[PDB]
Amino acid sequence: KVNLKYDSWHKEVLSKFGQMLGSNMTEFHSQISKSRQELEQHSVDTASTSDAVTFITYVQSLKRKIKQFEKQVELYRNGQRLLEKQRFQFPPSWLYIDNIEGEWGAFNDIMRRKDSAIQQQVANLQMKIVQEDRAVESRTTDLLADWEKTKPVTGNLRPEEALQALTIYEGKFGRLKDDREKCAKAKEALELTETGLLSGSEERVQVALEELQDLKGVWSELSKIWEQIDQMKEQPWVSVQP
């Protein structure tokens, strides 16, 4: 009875370890195959600086994962050899470690070719990102200088009027923030780690944010007064009571 129970308990633990190892092996092979297909689709000779930045950030993210993937391949290799030594029955749909090693080898060869091409252009990509960042900083200074000219400090504005201009200002400032965040992700991806001090541009963006879409709010309390003025520009004089 004990031997039957041990054989049943062993066969059950061996079957569960085999299903867990096969599931982890299938998921890991899908993850390497997808990472390899994404590496194949992107060319270093991308026409746009934006595609080159996205591709370089992706290759660096994969380079960090290679050391983890290598440990997983070794764990799966030892696991399958244990199932074979214990006469486990492999299902016909079993993904053999040789397929994972082949996809892992193909992924490493594409990753080495793409990483080498990024490393050859690192200085040019770093100069392009520093030039784009200087262009974003110049656009930031120009937008803040224009901010004063077209903000409501100008006299005789109407609730609606400035609100429309402060809706454009809101779009320009938010587009500027999105461009700055893209440059920051690219700088992190190319190891262009320059001091985490908000550039004096960040303090200007924070002041502008307080008076951005919020400045349309001066056309919120005044808007309620104007709606009454407009109704009076439509109300019959006899009906109006002083």
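Just so it is clear, none of the values below were taken in a lab; they were calculated from the coordinates. Note that each Cβ is placed from the backbone with ideal geometry, even for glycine, and that neighbours are counted across all protein chains shown.
Annotation: extensible slack from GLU74 through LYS177 equals 32.6 nm (criterion: 0.36 nm per residue apart, minus Cα-Cα distance). Against the chain, whose longest principal axis comes from its Cα atoms, helix 122-150 is set at around 20 degrees. Per-residue ellipticity at 222 nm from helix content only, as computed over the chain with -39500 (n - 2.57) for each DSSP H run of at least four residues, stands at -27500 deg cm²/dmol.
Against the chain, whose longest principal axis comes from its Cα atoms, helix 2-41 is set at around 50 degrees.
For a modelled paramagnetic label at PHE17, 7 Å from Cα along Cα-to-Cβ, the residues of segment 82-122 in reach, with backbone nitrogen under 15 Å, are 82-90. Compared with the alpha-carbon gap, the fully stretched path from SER116 to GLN213 is longer by 30.3 nm at 0.36 nm per residue. Here each label is just a point 7 Å from Cα along the line to Cβ, and for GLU84 and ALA135 those points are 5.6 nm apart. Computed from point charges on the beta carbon alone (+1 for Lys and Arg, -1 for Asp and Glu), the dipole magnitude for the chain about its Cα centre is near 1500 Debye. Measuring from a point 7 Å past the Cα of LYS151 along Cα-to-C-beta, which residues in segment 193-236 have an amide N at less than 13 Å? Correct set: 204-216.
Extents of segment 16-127, taken as max minus min of Cα coordinates on every principal axis and listed largest first, are 58, 21, 18 Å.
For segment 62-191, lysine pairs separated by 8 or more sequence positions, or belonging to different chains, with Cα-Cα distances below 20 Å total 21. The length gained on full extension between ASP7 and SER61, counted as 0.36 nm times the residue separation minus their Cα-Cα distance, comes to 14.9 nm. Angle check, please: helix 159-189 long axis (alpha carbons) against the longest principal axis of the chain (alpha carbons), in degrees 0 to 90, nearest 10. It is inclined by approximately 30 degrees. Cα-based radius of gyration for the chain, normalised by 2.2 N^0.38 Å, reads 1.77. For segment 80-168, just say rounded, prolate or oblate: build the C-alpha gyration tensor, square-root its eigenvalues into a ≥ b ≥ c, call rounded for a/c under 1.5, and beyond that prolate if a/b exceeds b/c, oblate if not. Oblate is the answer for segment 80-168, as a/c is 1.5 or above yet b/c matches or exceeds a/b.
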